[PDB]
Amino acid sequence: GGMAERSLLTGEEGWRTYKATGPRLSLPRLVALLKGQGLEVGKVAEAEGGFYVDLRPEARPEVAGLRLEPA
């Protein structure tokens, strides 16, 4: 297959882990914002001041309401 980055949360190939922060950020708000941008959501976990979330490696991590930086 085509080799791809692995999730730092699960080790599963096909994911890039990001740290997500933003105002009033809850897990449901995070999911809703990512899905509204059409982004496939992998594992989500807790981070300092926000969440870790797996997105596809080539997904464009630009979502109004969130700051997304690779973890």
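Residue positions are given from 1 per chain in written sequence order; they need not agree with the entry numbering, and residues without coordinates are hidden. Values reported for side chains reflect all heavy atoms of the structure, with hydrogen atoms and water molecules removed beforehand.

Its PDB header attributes the entry to X-ray crystallography and lists the resolution as 1.3500 Å.

Novice: Before we go on, may I ask you to explain helix α1 (residues 27-36) in this structure?
Specialist: Given 3.6 residues to a turn, an α-helix orients residues that are three or four positions apart in the same direction. Buried, partly exposed and exposed residues are distinguished by accessible area as a fraction of the type maximum, computed with a 1.4 Å probe on protein chains only: under 20%, between the cut-offs, and over 50%, respectively. Starting at the N terminus, helices and strands are each numbered in turn, a helix being any DSSP run of H or I of at least four residues and a strand any DSSP run of E of at least two. Those residues of α1 that fall on the buried side of the exposure criterion are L30, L33 and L34. Burial along α1 is one-sided: seen end-on, the buried residues are contained in an arc of 95°. Within α1, the exposed residues directed more than 90 degrees away from the buried face are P28, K35 and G36. Here, two residues are considered to be in contact whenever any of their heavy atoms come within 4.5 Å of each other. Lining the buried residues of α1 we find β1 (16-21), β2 (44-47), β3 (50-55) and β4 (67-70). Any pair of nitrogen or oxygen atoms within 3.5 Å is treated as a polar contact; in protein, a donor-acceptor pairing is required on top of that, and neighbouring residues in sequence qualify only through side-chain atoms on both sides. The N-cap residue of α1 is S26: its side-chain oxygen and the backbone nitrogen of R29 are 3.0 Å apart. The directions from the helix axis to the C-beta atoms form the arc being described.

Novice: How should the side chain of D54 be read in this particular structure?
Specialist: Considering the arrangement of structural elements, one finds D54 in strand β3. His is not counted here, nor are the chain ends, while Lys and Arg score as positive and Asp and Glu score as negative. Any carboxyl oxygen of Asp or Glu that lies within 4 Å of a side-chain nitrogen of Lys or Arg is treated as forming a salt bridge with it. Comment: no salt bridge for buried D54; closest opposite-charge side chain is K43, at 8.3 Å. Within polar-contact distance, the side chain of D54 engages the side chain of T17 at 2.6 Å. If we ignore the near neighbours within four places in the chain, the residues touching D54 are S7, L9, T10, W15, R16, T17, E40, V41, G42 and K43.

Novice: Explain the pattern of salt bridges here, please?
Specialist: Opposite charge on two side chains permits them to pair, given that their charged atoms come into close proximity. Evaluation of the coordinates by the stated rule reveals 4 salt bridges. A salt bridge links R16 to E5, with the shortest nitrogen-to-oxygen separation between them at 2.9 Å. A residue pair is termed long-range when its members are at least 10 positions apart, and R16 in strand β1 and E5 in the segment before β1 qualify at 11 residues. A residue is classified by how much of its surface remains accessible, and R16, at 24% relative accessible area, is partly exposed. The residue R56 makes a salt bridge to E40 at a minimum N-O spacing of 2.8 Å. You can see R56 sitting in the loop between β3 and β4 and its partner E40 sitting in the loop between α1 and β2, a full 16 residues away along the chain. Judged by its relative accessible area of 30%, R56 is partly exposed. Exposure remark for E40: the relative accessible area of 44% places this residue in the partly exposed category.

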